[PDB]
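Participant: Give the three-dimensional model of this entry:
(chains A, B and C)
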Amino acid sequence: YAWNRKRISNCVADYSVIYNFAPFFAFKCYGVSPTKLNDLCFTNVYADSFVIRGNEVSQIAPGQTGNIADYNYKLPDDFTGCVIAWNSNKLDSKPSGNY
Amino acid sequence: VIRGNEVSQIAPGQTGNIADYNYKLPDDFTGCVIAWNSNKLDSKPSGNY
Amino acid sequence: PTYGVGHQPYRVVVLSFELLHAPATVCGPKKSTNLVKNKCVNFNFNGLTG
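Facilitator: Numbering: from 1, shown residues only, chains lettered A, B, ... in the order given. And now the structure:
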């Protein structure tokens, strides 16, 4: 409900160093392909960061409704970006409960 | 044996590092790709080098 | 073993099938049937159905 947003601008972007920072599986890119991200140039790139449950990762797609995509974080239907999600059970969970 | 991020590179038409310098598949490829996790046999606590 | 699921090792086996241009040598467990001629019949020649 309070997702951050970082402006990435006035820099050269290497998208092959993304895989060395987080242990995800693959990109989920809409409009583009993740292997052609180094051969083309943008104007502004935004990065939104939040933590959700594994049931609700499918609601981070354009055209989806539900609980996250209704009152928490809604994507436009003309989305031209990539969604990266990975599991984190060793940093976001506690035996007493992370609240 | 590859890493988990690089399983998506074993496909016709993909690029990256494995696809460009280690193992390239043709664009007219026909066949099957079989991948499974091997964390219990191909890993070591000190580093499988 | 302490790395995440994206940095864990994976074993990959790729099978590439060479289609019918040469005489076929890798063929499945289906049995054969005696040949019939001059009769309307469904045939199956090495996977070619007609």
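Participant: just the strands in chain C please.
Facilitator: C:9-16, C:44-45, C:48-49 (DSSP state E).
Participant: Would you convert these into JSON lines that also reports distance to chain B and mean neighbour count?
Facilitator: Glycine gets a C-beta too; all of them are placed from N, C-alpha and C. Below are these laid out as JSON lines (distance: least, C-beta to the nearest C-beta, whole Å; neighbours: other C-beta atoms under 10 Å in any protein chain shown):
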{"stretch": "strand C:9-16", "distance to chain B": "4", "mean neighbour count": "13"}
{"stretch": "strand C:44-45", "distance to chain B": "20", "mean neighbour count": "10"}
{"stretch": "strand C:48-49", "distance to chain B": "16", "mean neighbour count": "8"}
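Participant: Dump these into TSV; add distance to residue C:32 as well.
Facilitator: Formatted as TSV, these follow (distance: least, C-beta to C-beta, whole Å):
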stretch	distance to residue C:32
strand C:9-16	25
strand C:44-45	10
strand C:48-49	15
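Participant: Looking at those strands, which is nearest to residue C:28?
Facilitator: strand C:44-45 (11.1 Å; C-beta to C-beta).
Participant: what residues are up against residue 29?
Facilitator: Because you didn't say which chain, this covers chain A. A:81, A:82, A:83 (C-beta atoms under 8 Å, 6 or more residues apart in numbering or on different chains).
Participant: ok, and of the residues you listed, which contact chain C?
Facilitator: Among these, no residue lies close to chain C (C-beta under 8 Å from any C-beta of the partner chain).
Participant: how many other residues sit next to the residue of chain C found nearest chain A?
Facilitator: Nearest residue of chain C to chain A: residue C:4, at 2.8 Å (C-beta to the nearest C-beta). A total of 15 residues lie near residue C:4 under the criterion other C-beta atoms under 10 Å in any protein chain shown.
Participant: one step back: and the contacts of residue A:29, which of them are buried?
Facilitator: A:81, A:82 (16 or more other C-beta atoms under 10 Å in any protein chain shown).
Participant: Tell me the secondary structure of the closest residue to chain C within chain A, please.
Facilitator: Nearest residue of chain A to chain C (C-beta to the nearest C-beta) works out as residue A:23 at 2.8 Å. Three-state assignment for residue A:23 (DSSP: H, G, I helix; E, B strand; the rest coil): coil.
Participant: ok, it - contacts?
Facilitator: By C-beta under 8 Å, 6+ apart, the neighbours of residue A:23 are A:86, B:4, C:3, C:4, C:5, C:6, C:7.
Participant: For chain A, just list every one of the helices.
Facilitator: For chain A, applying DSSP state H gives helices covering A:68-71.
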